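Colleague: Structure provided below as structure tokens; questions to follow.
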Amino acid sequence: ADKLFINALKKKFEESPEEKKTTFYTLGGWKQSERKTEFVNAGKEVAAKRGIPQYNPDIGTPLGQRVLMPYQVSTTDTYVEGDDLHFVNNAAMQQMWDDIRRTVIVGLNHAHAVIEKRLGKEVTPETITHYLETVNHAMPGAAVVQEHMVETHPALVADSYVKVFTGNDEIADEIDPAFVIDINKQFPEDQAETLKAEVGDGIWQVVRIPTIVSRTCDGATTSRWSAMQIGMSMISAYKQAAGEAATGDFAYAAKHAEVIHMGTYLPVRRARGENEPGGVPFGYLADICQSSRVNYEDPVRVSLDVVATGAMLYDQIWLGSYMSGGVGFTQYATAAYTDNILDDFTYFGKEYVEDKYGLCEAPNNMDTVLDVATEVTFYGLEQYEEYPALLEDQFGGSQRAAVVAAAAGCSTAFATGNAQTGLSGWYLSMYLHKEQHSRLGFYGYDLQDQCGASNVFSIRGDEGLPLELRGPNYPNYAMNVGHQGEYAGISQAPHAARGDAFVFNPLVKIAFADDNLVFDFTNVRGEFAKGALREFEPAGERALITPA
Amino acid sequence: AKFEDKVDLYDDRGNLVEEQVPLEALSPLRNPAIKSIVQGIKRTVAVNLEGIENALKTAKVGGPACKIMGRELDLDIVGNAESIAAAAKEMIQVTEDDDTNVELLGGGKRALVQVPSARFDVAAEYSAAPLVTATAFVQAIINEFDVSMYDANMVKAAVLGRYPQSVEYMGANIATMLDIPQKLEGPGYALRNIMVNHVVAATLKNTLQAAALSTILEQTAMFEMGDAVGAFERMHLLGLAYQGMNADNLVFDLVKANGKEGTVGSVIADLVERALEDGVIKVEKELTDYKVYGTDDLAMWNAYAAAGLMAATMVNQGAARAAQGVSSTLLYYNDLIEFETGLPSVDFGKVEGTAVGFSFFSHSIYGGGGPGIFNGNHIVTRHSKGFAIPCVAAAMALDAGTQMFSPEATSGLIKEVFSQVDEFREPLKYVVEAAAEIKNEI
Amino acid sequence: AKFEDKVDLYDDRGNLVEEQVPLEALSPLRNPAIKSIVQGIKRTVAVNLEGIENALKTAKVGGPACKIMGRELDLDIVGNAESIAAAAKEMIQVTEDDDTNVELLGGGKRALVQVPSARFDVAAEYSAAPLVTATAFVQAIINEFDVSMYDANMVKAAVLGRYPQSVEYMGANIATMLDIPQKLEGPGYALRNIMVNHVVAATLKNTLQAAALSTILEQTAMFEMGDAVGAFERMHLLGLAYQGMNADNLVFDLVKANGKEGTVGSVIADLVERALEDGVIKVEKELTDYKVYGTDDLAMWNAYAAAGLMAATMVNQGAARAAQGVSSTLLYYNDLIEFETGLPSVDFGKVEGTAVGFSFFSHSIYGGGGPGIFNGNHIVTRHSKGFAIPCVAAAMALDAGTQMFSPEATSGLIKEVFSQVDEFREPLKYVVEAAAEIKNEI
Amino acid sequence: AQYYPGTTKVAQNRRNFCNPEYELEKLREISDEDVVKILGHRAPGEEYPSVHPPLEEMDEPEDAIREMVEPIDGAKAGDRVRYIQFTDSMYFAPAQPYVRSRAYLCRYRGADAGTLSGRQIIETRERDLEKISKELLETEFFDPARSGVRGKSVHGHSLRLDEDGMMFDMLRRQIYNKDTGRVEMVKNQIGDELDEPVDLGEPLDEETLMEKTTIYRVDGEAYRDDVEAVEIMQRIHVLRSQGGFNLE
Ligand code: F43
Ligand SMILES: C[C@@H](OP(=O)(O)O)[C@H](NC(=O)CCCCCCS)C(=O)O
Ligand SMILES: C[C@@H](OP(=O)(O)O)[C@H](NC(=O)CCCCCCS)C(=O)O
Ligand SMILES: [Cl-]
Ligand SMILES: [Cl-]
Ligand SMILES: [K+]
Ligand SMILES: [Mg+2]
Ligand SMILES: [Mg+2]
Ligand SMILES: [Mg+2]
Ligand SMILES: [Mg+2]
Ligand SMILES: [Mg+2]
Ligand SMILES: [Mg+2]
Ligand SMILES: [Mg+2]
Ligand SMILES: [Mg+2]
Ligand SMILES: [Mg+2]
Ligand SMILES: [Mg+2]
Ligand SMILES: [Mg+2]
Ligand SMILES: [Mg+2]
Ligand code: NA
Ligand code: NA
């Protein structure tokens, strides 16, 4: 069959994909583009209205001396100009982040012990249901105890709610099912049994605070907001004194002792509280993505859906805005989720591994790393050499480095069943690529690359960590595009090949298996396409409280 | 000596040990036992070998509920604890027979580690203790079992957790009484970020020893912060002596006189009487059926009032055998004593203010918790400059089992290891002995 | 004793000082001059009395462009500096004949303050230096002029800035080489958060002394971090010796041979020759017209390569008398030497990686700056474990005036005060002399 | 010195560019004035601006390192640090980005070299830059169709060639003349128009590009077929990996 990127290349250019020559400078610059044309007109209107010049195509250099390309969102039939994949212009992308930022997981295990042991009252599925009806009134910002409270408008906060899950089926089935994430419904049988065994008789809340609040405030708001309304709901539902010494145990439990944040806080140079992108470890990002529970028979699809999730969040929103800003980093990320290019390379590697070793059956050692990562790296680079249209598409060396190494690293992990040797393969790919083409990425691309081999298996304080536990705050990784989302993919890869239900945290995996989320985490690339087409409906808008 | 004051020193049974010791013999800057306690706290680490082994066996590393399927390693760490500990000690020490200690506890399940003091003399701060200990045990475990290059990173994760992706050692299986330097509310706060429950655990719930350890740590931090420099130094030293070291047996005697039937109010009455008898306060003027008291020595009035505050906590929370009301005692001892006398309360209102917020944040939805999870670095309880937290330690020592987040729940690893250290466990003994030893050098 | 290695030590003129010194005589853990330097940097503060006076006179307190109209206070601080400094010293010292130093500079405009070492022995960390110094000068100024209760808070703002509303001493008129503990990238990092420009300032742009001070601070941090514990210890010690202490005159001799006409490449060629002659490396295999080198001593190869890296920086940035290309030297010395030999580069690729990001973040829009504003705690330049930043110090020492953010711009207060201290200014001298003194005790 | 492993023409060309004893082939003559025009930092006849006084006018303290390291001429004078930057087509340009930076720090003193996929730069003292730039422009480092002098808007290394064999340039600084078969530089490296264009000679023909190139490609010499070069890269990976773990 044709290589998977051929259709996209034929869409972009008039020449066949193998053709070496073209003609430039004849397209009218920005005038070739529907989207740039929209922007020019919008800039004129904005400037006229506000009395300050704004977007102007004649500032600086003239875009569009070459073809301004459409991109195929991989696994879809949607082709869009890249501007439609900019996070500012894509409500799906914004909502994906909001849905993560506004979520925390909060145990009821200490709270129920407080109830039974300190209050001396019983906990049953019936009392849990009563508590859940209470907290689903309170959580969006409504009152349960005091007189003369003023409250949030329910329609502005319709996206906020609380569900629970537990590994005990009989207990789960007795709680009102409106409130329950049903593990047996959402996961295939073998994954469900793994997840239920991890959770056991524990009972966990998945709390989502309002998008409008998360946007007004920050990620570190989420666990606090959660805890306030859990606290009020414990008081109301279990008929407690409204503020006694035991009230503080519920607070400490919900805020500290049994809360799981999506992200941990950051050091001062990049100061941020919890639930910001830099704090989200790669294994959590893989577990947030829900491809694993839908596409389990295809480990490539699962791994590359995680890459898409992470490339967007980590490069476009996090590195491209939180840590920089401006035009930003759309195409550093799109390279990893468009034109089916990473898909072509990674299926090649998966098939190579299947045939030679069997998935997860290669020795977990440097011999396998050298074999697989080298073979896959040479395949990917050959494609850029064979197809001039492909090279002109992924025009930045960084983009090519990330894509080729992601395929090499995922493939190596498909072979070993271990993310750490996958990671070693990623760095070997970079070194080979650099020598082959006498170039790699942007000026600063391979800081982590060159530290990379030595720090894969280090055990020292700020060096040694399994890949699943690393994240955007791992020191070498803290600055640069074209790595973080790909590492989340490599983290996913051996687990997808093994058939594991999760990568690093089963609670995080279960917590996003929920169709009441605004973004559909089972189909991240489909959602990015829907947002690009301006067909995604986000939460958090203020239309109800502003003029018509 | 800079100051003229002398104090009589007593033991934790209320028996005289040494008369008329210069106040500065109790100073953190002068007392060799306080130096030894502080350097000990900087250098001591609890290692949970059982915890490391179980984390490895299950691949549960990196924080709560985390697990990496396929990464499991089954190593007989506890069964080889002696060899591992000896190998770690050779890496931790600077020279053979220096003050490095590595002692197994609980049949090899735990280790007490005291990193050599010399490492801290050429360090900026205290993080060498967990970091040197962690890497020595990671390396010793790898070498004991010839763990491969491919797997060794799991040993690292089992020992130190998610660091450096997390700022903290998230999921670690080592523990210290101190916490990381990034978590300081302000520079100089490190000896304040020590959970009350840890102090109570280390001192085995001996009320006077818990109060003493807490006071030593709080007031030593006041020197590091600069609060006990210049004009304020004597105030802080007198507070250390009278509130935390039972100087002149004043705390002890107030508790004795009020323990059978007394209240916070009856302790106040006795303290005001004692202050008058000792010439610390005097009637300044008469209103209608009301005496307005004054003092020519505000620092000494503050210290007497602080001793009464400790005794009131011991009487009130001791009678309940329930710690929660310490927030109330800290508030109303101070509120009451001001309207009883016309003099300012302990720390010129800052204990009362701390107590207002501490009461709120131990009985409300918004944060805090039970008394034992507070500390001098906690945003709720940082405001008084050493005069509040030691009472919280006394109250938790006296709690008979009313707390969910008890020292048994929060501080078990720290109890097992740190209570072994005599100076940590019975600091009142060692600080008084050192003060007596240096009394003619001050 | 633990290691058999011996090194020959030289002065900054390339003259032998002492032959065959045991390697561990240079260890931060053993060398008393390194201890003295580290404790000195913990305890030393620069006080800008002129700056305090001007901030008060204008009410410009609390950070850039801030001012409080109506709060101006006109106090003759510099004219009364002797009295103010003596009063401050009485509060800062522990005892009258201890190692407290308070020395006026610049006609009373500045003061050198060295807070007594004993305060740090009973402290968790190092913040006692600015905090004790600040309050002693605030109190001394208030007392000198009888500043009222109503106005004294302005003196506090002029000295220490917006702290505690800000986490840092924002707007302060004191300075230290260290920065606050909250700004550490990781535990154990404090001796790394020392701006390169500060090192160059303290050492008066003497290239070898700047390299030595930077290496001492970096490699001492590697001990505090636990990186130089166990398997890695000898690597770090050899790196300290050969890259920062000019052991065996290797840096000096490579510079001498390449200074007239040489390049990074010619330095590499000479270093490989020298490693081969000394038996550090040997040909392992012959490919087609290409020798593959091996080593039986990776730590020693690393140290030789590190010495060549320093010499290459001195030759390349020395020839330009412009520091910017140090990011390039750090990258391509290491890239070239790997393909020249088949051996790993300095710090096994970590210098090269540091250099990639440092190059980017000193020639791009995204962050960083000129070479002088980096440090071992900077996110860009933390990755190599001591083998990169000392080259940056050398390059900035050699810069003839091409930098906007020069030491003259960023480090003037530091320069005036910290260059007064002999052991800070000429550390190579004192560390070598101390090594020679303890050579038979190792 | 060895410089680079491998048995291909590519590998030999990489070694030759690095080896300061290898005489770079001169392919074209460019006047001093035209190098200055191409650089675009000063006008012909304009004095060199300074960033600091001449070293002689400074009163520096004794420093053995300074004494041993001869400053380059522009450092003695106090010249500004300025740059020249090249983009090299992946369709067989003779020089390529890491080839340049590696070679520059073997051949040139006092050099700040940076490598990126689409651009490679050297910064050094202005008068010295002018001398180096002549060599970079006149010799086989440069082909006027497949290489470009570009201080901004560098896109093109990875693009298809145009029908004349010229690399893409958003700013069209180098124009192929069909009548002469020669390329003219019509703008300086930042894109400002030159009063008079500069002759850059004929593009190299395909045969000669293949002789001279330092990029490995499947349709040239493939890296995977230079098995000794691959072997050394893999060796460095393994030795770095082992070293970071336990120094073995
Ligand atoms: C000014 C810099 C230096 C710097 O610090 N950042 C720049 C510019 C910056 C700007 C460019 C926006 C604009 O044009 O106004 C932004 C978008 C960041 C922002 N401020 O929003 C950016 N780069 Ni850059 N930058 C990119 C890239 C690159 C590639 C482009 C090579 C090529 O042949 O075209 C090269 C590095 C390399 O050679 O590897 C590069 C360089 C550079 N990058 C050169 C300008 C190059 C030039 O003069 O043409 N970027 C890429 O390789 C692809 C992704 C792309 C980013 C935008 C996105 O992700 O959509 C953009 C990311
Ligand atoms: C005390 C502290 O909580 P913790 O004890 O750390 O859980 C802190 N909250 C607050 O200060 C809540 C302030 C807002 C609600 C009460 C307003 S009167 C915080 O979340 O950081
Ligand atoms: C280096 C550091 O900048 P400073 O040197 O502290 O200004 C840091 N920026 C970054 O790491 C930028 C990362 C995103 C842009 C570059 C992507 S390759 C930050 O802002 O905290
Ligand atoms: Cl007093
Ligand atoms: Cl060694
Ligand atoms: K926000
Ligand atoms: Mg097929
Ligand atoms: Mg077509
Ligand atoms: Mg206009
Ligand atoms: Mg439903
Ligand atoms: Mg915590
Ligand atoms: Mg749906
Ligand atoms: Mg008696
Ligand atoms: Mg009475
Ligand atoms: Mg003195
Ligand atoms: Mg007065
Ligand atoms: Mg031969
Ligand atoms: Mg000529
Ligand atoms: Na313009
Ligand atoms: Na434009």
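Lettering and numbering for the structure tokens are positional, with chains as A, B, ... in the shown order, residues counted from 1 in each chain, and ligands counted from 1 in the shown order.
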Return the neighbours of chain D among the residues of chain B, cut-off 10 Å, counting only C-alpha atoms, as a PyMOL selection string.
Modeller: chain B and resi 139+148-150+152-153
Colleague: Produce as a count of residues only the set of residues near ligand 3, where near means within 10 Å with only C-alpha atoms and all ligand atoms considered.
Modeller: 50
Colleague: Residues within 12 Å of residue 154 of chain A, please, as a PyMOL selection string. Count only C-alpha atoms; anything in the same chain fewer than 5 positions from it doesn't count.
Modeller: chain A and resi 136-143+159-161+210+212+540+544
Colleague: For chain D, which residues have at least one atom within 8 Å of chain A, if we go by only C-alpha atoms? Write them as a VMD selection string, please.
Modeller: chain D and resid 90 96 to 99 114 to 118 153 157 to 163 165 168 170 to 171 214 to 219 222 to 224 230 233 to 234 237 to 238 240 to 246
Colleague: Could you give me the residues within 7 Å of ligand 14, counting only C-alpha atoms and all ligand atoms, as an MDAnalysis selection string?
Modeller: chainID B and resid 266:267 269:270
Colleague: With C-alpha atoms retained, write the just-selected residues as a PDB file, in the first residue's frame.
Modeller:
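Below is the file selection_32.pdb, written as the result:
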ATOM      1  CA  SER B 266      -7.090  30.185  87.397  1.00  0.00           C
ATOM      2  CA  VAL B 267      -3.636  29.870  85.815  1.00  0.00           C
ATOM      3  CA  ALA B 269      -4.670  34.580  88.302  1.00  0.00           C
ATOM      4  CA  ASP B 270      -1.726  32.656  89.703  1.00  0.00           C
TER       5      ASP B 270
END
Colleague: Give the residues of chain C that lie within 8 Å of chain B; count only C-alpha atoms, and format the answer as a PyMOL selection string.
Modeller: chain C and resi 28-29+34-35+38-39+42+91-92+94+118-119+121-128+131-132+135-136+139+164+167+180-184+186-188+190-191+220-221+223-226+229-230
Colleague: Export C-alpha atoms of the chosen residues as a JSON list (two decimals), in the first residue's frame?
Modeller:
[["chain", "number", "residue", "atom", "x", "y", "z"],
["C", 28, "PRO", "CA", 36.04, 20.19, 49.45],
["C", 29, "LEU", "CA", 35.55, 17.66, 52.23],
["C", 34, "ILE", "CA", 37.82, 25.41, 50.52],
["C", 35, "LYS", "CA", 35.98, 25.22, 53.83],
["C", 38, "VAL", "CA", 32.58, 28.34, 51.42],
["C", 39, "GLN", "CA", 31.89, 29.53, 54.96],
["C", 42, "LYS", "CA", 27.83, 31.98, 53.33],
["C", 91, "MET", "CA", 24.73, 43.35, 67.36],
["C", 92, "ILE", "CA", 26.16, 41.10, 64.61],
["C", 94, "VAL", "CA", 28.42, 36.69, 69.07],
["C", 118, "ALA", "CA", 29.22, 30.49, 64.86],
["C", 119, "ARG", "CA", 25.82, 31.78, 63.80],
["C", 121, "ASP", "CA", 26.99, 26.43, 62.96],
["C", 122, "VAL", "CA", 23.59, 26.62, 64.70],
["C", 123, "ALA", "CA", 21.64, 27.56, 61.56],
["C", 124, "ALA", "CA", 20.02, 25.38, 58.93],
["C", 125, "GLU", "CA", 21.30, 27.44, 56.00],
["C", 126, "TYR", "CA", 22.87, 30.79, 55.08],
["C", 127, "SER", "CA", 20.14, 33.45, 55.24],
["C", 128, "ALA", "CA", 21.34, 34.55, 58.67],
["C", 131, "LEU", "CA", 19.00, 38.91, 57.76],
["C", 132, "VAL", "CA", 21.28, 39.49, 60.75],
["C", 135, "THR", "CA", 18.47, 44.17, 61.08],
["C", 136, "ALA", "CA", 21.73, 45.22, 62.75],
["C", 139, "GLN", "CA", 18.63, 49.19, 64.24],
["C", 164, "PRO", "CA", 8.17, 39.93, 52.90],
["C", 167, "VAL", "CA", 9.81, 36.59, 48.36],
["C", 180, "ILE", "CA", 17.64, 33.11, 48.57],
["C", 181, "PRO", "CA", 16.99, 29.44, 49.30],
["C", 182, "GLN", "CA", 13.61, 29.49, 47.54],
["C", 183, "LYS", "CA", 15.29, 30.12, 44.17],
["C", 184, "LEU", "CA", 17.25, 26.84, 44.17],
["C", 186, "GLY", "CA", 16.92, 21.64, 43.44],
["C", 187, "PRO", "CA", 18.00, 20.92, 46.99],
["C", 188, "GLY", "CA", 21.77, 21.29, 47.28],
["C", 190, "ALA", "CA", 22.84, 27.06, 46.63],
["C", 191, "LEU", "CA", 26.57, 27.32, 45.79],
["C", 220, "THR", "CA", 31.66, 21.86, 46.20],
["C", 221, "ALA", "CA", 27.97, 21.98, 45.18],
["C", 223, "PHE", "CA", 29.30, 17.19, 47.00],
["C", 224, "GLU", "CA", 26.28, 18.92, 48.62],
["C", 225, "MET", "CA", 24.05, 17.49, 45.86],
["C", 226, "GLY", "CA", 25.41, 13.96, 46.41],
["C", 229, "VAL", "CA", 29.41, 10.45, 46.44],
["C", 230, "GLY", "CA", 30.53, 6.91, 45.79]]
Colleague: Would you list the residues that come within 6 Å of ligand 18? Count only C-alpha atoms and all ligand atoms and give the answer as a PyMOL selection string.
Modeller: chain D and resi 29-31
Colleague: Just the selected residues (N, CA and C atoms), exported as a PDB file, in the first residue's frame, please.
Modeller:
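Done, and the output landed in out.pdb:
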ATOM      1  N   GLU D  29      36.447  34.839  -7.784  1.00  0.00           N
ATOM      2  CA  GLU D  29      37.141  36.019  -7.276  1.00  0.00           C
ATOM      3  C   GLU D  29      36.133  37.073  -6.858  1.00  0.00           C
ATOM      4  N   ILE D  30      36.283  37.568  -5.631  1.00  0.00           N
ATOM      5  CA  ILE D  30      35.405  38.623  -5.145  1.00  0.00           C
ATOM      6  C   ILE D  30      36.281  39.746  -4.574  1.00  0.00           C
ATOM      7  N   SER D  31      35.962  40.985  -4.903  1.00  0.00           N
ATOM      8  CA  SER D  31      36.753  42.113  -4.431  1.00  0.00           C
ATOM      9  C   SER D  31      36.539  42.336  -2.924  1.00  0.00           C
TER      10      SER D  31
END
Colleague: Neighbours of residue 386 of chain B within 7 Å (only C-alpha atoms; same-chain residues fewer than 5 positions away dropped), as a ChimeraX atom specification?
Modeller: /B:215,218-219
Colleague: Go ahead and save the picked residues with N, CA, C and O atoms, as a CSV table (one decimal), in the first residue's frame.
Modeller:
chain,number,residue,atom,x,y,z
B,215,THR,N,10.5,24.5,71.5
B,215,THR,CA,11.0,25.9,71.8
B,215,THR,C,12.4,26.1,71.3
B,215,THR,O,12.8,27.1,70.8
B,218,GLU,N,12.1,26.6,67.5
B,218,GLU,CA,11.5,27.8,67.2
B,218,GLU,C,12.5,29.0,67.5
B,218,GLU,O,12.7,29.9,66.7
B,219,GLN,N,13.0,29.0,68.7
B,219,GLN,CA,13.8,30.1,69.1
B,219,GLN,C,15.2,30.1,68.4
B,219,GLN,O,15.7,31.2,68.1
Colleague: When distances are computed from only C-alpha atoms and all ligand atoms, which of B:107, B:294, B:371, B:239 shows the smallest separation from ligand 4?
Modeller: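 Nearest to ligand 4: B:239.
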